[PDB]
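Have a look at the structure below, then the notes.
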Amino acid sequence: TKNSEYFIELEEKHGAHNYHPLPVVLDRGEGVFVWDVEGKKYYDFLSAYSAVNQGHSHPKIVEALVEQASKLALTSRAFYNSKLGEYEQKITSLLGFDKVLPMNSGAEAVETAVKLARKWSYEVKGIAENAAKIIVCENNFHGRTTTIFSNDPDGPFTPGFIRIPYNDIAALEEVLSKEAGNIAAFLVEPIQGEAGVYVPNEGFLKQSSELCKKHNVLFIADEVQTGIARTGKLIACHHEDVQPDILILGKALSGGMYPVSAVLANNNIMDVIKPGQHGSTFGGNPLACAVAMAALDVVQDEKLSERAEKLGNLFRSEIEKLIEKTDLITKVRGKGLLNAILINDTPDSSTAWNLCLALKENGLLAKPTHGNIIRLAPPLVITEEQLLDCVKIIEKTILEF
Amino acid sequence: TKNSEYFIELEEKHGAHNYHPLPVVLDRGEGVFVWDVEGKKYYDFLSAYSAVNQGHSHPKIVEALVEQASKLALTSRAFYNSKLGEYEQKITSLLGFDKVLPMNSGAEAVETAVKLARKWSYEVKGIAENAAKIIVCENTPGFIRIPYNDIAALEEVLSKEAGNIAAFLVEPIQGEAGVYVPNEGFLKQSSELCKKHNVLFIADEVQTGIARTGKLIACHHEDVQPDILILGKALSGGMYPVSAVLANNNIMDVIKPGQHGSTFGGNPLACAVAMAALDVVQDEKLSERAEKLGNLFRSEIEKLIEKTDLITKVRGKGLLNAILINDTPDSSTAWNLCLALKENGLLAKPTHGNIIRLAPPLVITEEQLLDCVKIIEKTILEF
């Protein structure tokens with residue numbers, strides 16, 4: 001009785017209708033594979049939007065969660081817990097920063113990074129306490145701003161922000177040359193993943209970072225999606241020889257086992273933070289820390305950055321060959337195993353969705369974004385043989401469509 | 001060696017200084033008790049700000065986490081998972097709502113409740129898109145701030161501009177400053193006033209919900225069924241960040257799939273944990289336990305107050321309680337009292353300088369509760 005349709009109908013009846021998932025009901029995951037309720041096996045080519053970099057149900061991450069959950073999971077920050085210090089030392093040493101501020105969700109970490117940058121710009125740089133601006137390339141704070149109303153009780157422009165095009169050095173230099181004195185930070189993703197996969201021009205991140213330093217503006221690398229080996233380096237900034245002033249991590253920081261996010265910065269920035277303001281009950285809890293330490297160890301011990309780099313090159317090379325055989329795919333873009341294909345149809349068309357249904361029938365799970373883009377992002381633990389099998393599945397699906 | 005000071009120094013060096021915790025380093029919890037790195041045992045009288053209502057490391061909740069984490073912890077909402085539907089059916093049936101929207105954090109759920117009320121007021125009530133206002137209580141355009149526990153102020157705002165108002169968003173008890181219990185009838189009259197003026201009543205029960213005040217949600221004390229219910233914290237027993245917004249179909253009908261989503265909201269691990277945490281509350285009758293033990297606790301603390309000039313009053317409902325220390329908010333007395341309580345085996349922390357929250361896990365026994373009273377008495381009388 002309790003088949004896939006049974007669960008879908010439960011959610012229709014009792015759950016808000018705020019999502020449109022691909023119609024598959026998953027109940028087990030192991031490594032690169034997931035199984036639906038009827039027992040069919042699939043390659044996961046979404047990795048829960050690049051949170052499951054270490055594979056589903058990684059034995060080391062499971063083990064860390066189970067160990068810590070039976071000891072102590074939450075004290076709040078009213079007290080110290082014995083795991084947070086160990087984790088803080090680990091991650092700051094690993095990435096080369098003095099300090100980390102732990103949070104739960106990606107949005108919390110981005111919000112916290114911006115608040116930290118504004119406070120720095122007041123305490124150190126000298127901008128008035130409501131006058132600092134943040135340069136952004138996308139709507140990083142969707143749902144929490146007033147443009148015309150914000151939902152947080154405690155051309156169109158968003159006060160406090162300057163929006164410029166992504167991958168546009170001239171636009172950044174124009175803003176900095178004219179009003180860098182008003183600017184606390186530039187907040188940018190090394191690859192934009194919201195509307196697909198937008199890889200910027202070679203050199204964009206490094207030039208942006210250098211321009212920010214020249215103009216006394218913090219460079220904030222939002223690596224919630226790009227971080228933790230996905231692009232072929234521990235963080236995508238490393239591809240560009242950038243060390244950001246503030247680093248934002250999330251998603252795969254926990255392998256997807258627990259919502260863990262982080263903001264890293266050196267003392268000259270982080271020490272503007274003082275006790276007092278209203279904070280997070282769960283941020284930095286010992287269960288989160290035990291999970292994140294294990295998730296980082298998997299990435300380093302299994303050399304997942306090198307694996308994502310090598311297999312990503314192979315993947316894009318093979319997909320480029322497929323593109324030459326079909327009129328259905330316009331281009332493939334990405335870094336490491338963060339890749340996506342643009343389908344040769346309009347964003348209002350059903351083609352990419354139907355291609356994802358066909359991929360599913362052939363044993364590979366992906367979902368469109370913005371109508372005509374398909375993200376292709378498996379866990380980084382995929383083997384070369386499995387990767388080439390996935391290429392064969394994609395080839396078969398495309399060539400038979 | 002890795003003693004308490006070692007871990008405190010690690011955090012000073014490598015962690016942001018955004019908190020000033022009580023100087024105790026905890027490494028184990030069971031039920032009402034926690035142990036520090038040196039092995040000293042304490043009663044936890046904060047419950048992680050009322051998230052650990054079911055006690056630390058509750059076996060049924062640990063069980064649920066282990067079972068599900070071993071199987072599948074995260075899919076994202078790009079696909080269905082096999083636990084969310086069962087959890088949605090469970091919590092909506094338990095609380096008497098048609099639908100639930102699952103989230104991670106308390107602030108997420110509050111913001112989602114606000115966004116939902118505004119969308120309702122546009123599609124159903126007819127207010128323009130960015131024109132609906134939300135009434136809230138003092139503890140920001142588009143929000144009307146009135147004093148807490150003030151029916152007259154609410155009535156004045158409604159009489160003057162209910163036509164432009166989507167909702168009133170209120171906590172059944174305010175836990176921010178300390179524990180501010182409103183007057184008898186405040187919540188019910190507020191709920192009735194909102195209905196009369198075609199305004200949604202949103203109960204923020206992130207702190208008060210899940211048995212802490214002696215009922216499954218504090219609205220039940222007052223015979224209020226809110227239009228939108230916000231839950232958080234103890235929904236997971238503290239094992240996982242889980243929050244929720246519940247409402248009937250007349251409100252949830254306005255929801256359609258959007259452009260931005262939550263990766264972790266509604267994931268199968270969160271759902272397995274929350275189902276177990278709810279089962280603990282019902283199976284162990286923790287609402288009844290909190291009601292009965294809360295009455296005993298306030299009665300015993302009132303006796304202690306007779307013996308000292310240090311404590312002004314005790315207030316609260318269920319096991320959400322607090323004491324006001326007889327000193328200024330800028331003084332160190334409450335902090336120093338908490339250091340002394342710690343030495344005598346009970347952990348609490350001040351808020352707003354001169355208030356101490358007293359909120360143990362709901363699984364505490366009468367014998368333990370009276371022992372805690374004895375610890376507080378000893379600490380006060382020896383101070």
Side-chain angles (χ1 to χ4, degrees), chain A residues 7-8 10-11 14-22 24-29 37 46 48-49 51-52 57 62 65-66 69-82 84-85 88-89 92 99 101 104-105 142 146 148 151-153 256-257 259 270 273-275 279 281-282 367, chain B residues 7-8 10-11 14-22 24-29 37 46 48-49 51-52 57 62 65-66 69-82 84-85 88-89 92 99 101 104-105 111 114 136 141-143 238-239 241 252 255 257 260 263-264 349:
Chain A
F7 294 111
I8 293 171
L10 277 188
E11 297 198 27
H14 303 297
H17 295 194
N18 52 339
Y19 293 95
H20 178 229
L22 198 74
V24 62
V25 182
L26 300 177
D27 73 345
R28 174 164 59 101
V37 168
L46 205 126
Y49 299 110
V52 186
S57 307
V62 175
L65 185 83
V66 173
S70 322
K71 279 152 71 168
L72 179 67
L74 183 67
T75 65
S76 85
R77 303 300 296 279
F79 311 120
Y80 294 87
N81 76 76
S82 58
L84 178 54
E88 293 176 339
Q89 180 181 53
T92 54
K99 283 182 167 59
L101 194 164
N104 315 286
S105 73
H142 49 90
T146 64
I148 279 79
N151 298 324
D152 185 3
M257 190 69 76
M270 196 76 89
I273 293 301
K274 298 301 198 302
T281 289
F282 281 73
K367 183 169 166 298
Chain B
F7 292 108
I8 287 175
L10 275 186
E11 293 200 30
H14 300 118
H17 297 179
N18 50 342
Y19 298 92
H20 184 13
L22 207 67
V24 62
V25 185
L26 302 178
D27 68 356
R28 190 173 193 78
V37 169
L46 180 68
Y49 296 99
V52 185
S57 308
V62 179
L65 185 83
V66 169
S70 305
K71 187 173 196 194
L72 176 68
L74 185 65
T75 62
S76 85
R77 305 301 299 272
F79 313 118
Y80 294 89
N81 71 77
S82 61
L84 177 56
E88 294 175 335
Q89 182 184 230
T92 56
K99 282 180 162 58
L101 198 160
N104 313 304
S105 80
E111 295 166 359
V114 164
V136 295
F143 293 96
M239 187 74 77
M252 289 273 188
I255 292 184
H260 300 101
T263 295
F264 284 82
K349 196 182 166 294

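Labels below follow one simple rule: chain letters A, B, ... track the order of the sequence lines, proteins then strands, and each chain is numbered from 1.
The OH atom of A:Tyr19 lies 10.5 Å from the CG atom of B:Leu84; values are rounded to the nearest 0.5 Å. B:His17 NE2 to A:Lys274 NZ: the interatomic distance, rounded to the nearest 0.5 Å, is 9.0 Å.
Partners of A:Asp27 by side chain to side chain contact (heavy atoms under 4.5 Å, CB included), not counting sequence neighbours, listed by chain and number: A:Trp35, A:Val37, B:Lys71, B:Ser82. Looking at residues two or more places apart in sequence or on another chain, you find a side chain to side chain contact (heavy atoms under 4.5 Å, CB included) between B:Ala78 and A:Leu46, A:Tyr49, A:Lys367, B:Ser76.
Proximity of B:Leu26 to A:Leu72: side-chain heavy atoms (C-beta onward) are separated by under 4.5 Å at one or more points.
If you measure heavy-atom distances from A:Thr75 to chain B, the contacts under 4.5 Å come from both the backbone and the side chain. For chain B, the nearby part of A:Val62 is the side chain; its heavy atoms alone come within less than 4.5 Å. When heavy atoms are compared at a cutoff of 4.5 Å, A:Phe282 approaches chain B solely by way of its side chain, counted from C-beta outward. A:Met270 touches chain B through its side chain: at least one heavy atom from C-beta onward sits under 4.5 Å away, while N, CA, C and O do not. Interface remark: A:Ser70 contributes backbone and side-chain atoms alike to the contact with chain B (heavy atom separation under 4.5 Å).
Ranking B:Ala73, B:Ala51, B:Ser57 against chain A, the residue ahead of the rest is B:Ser57, based on heavy-atom pairs under 4.5 Å.
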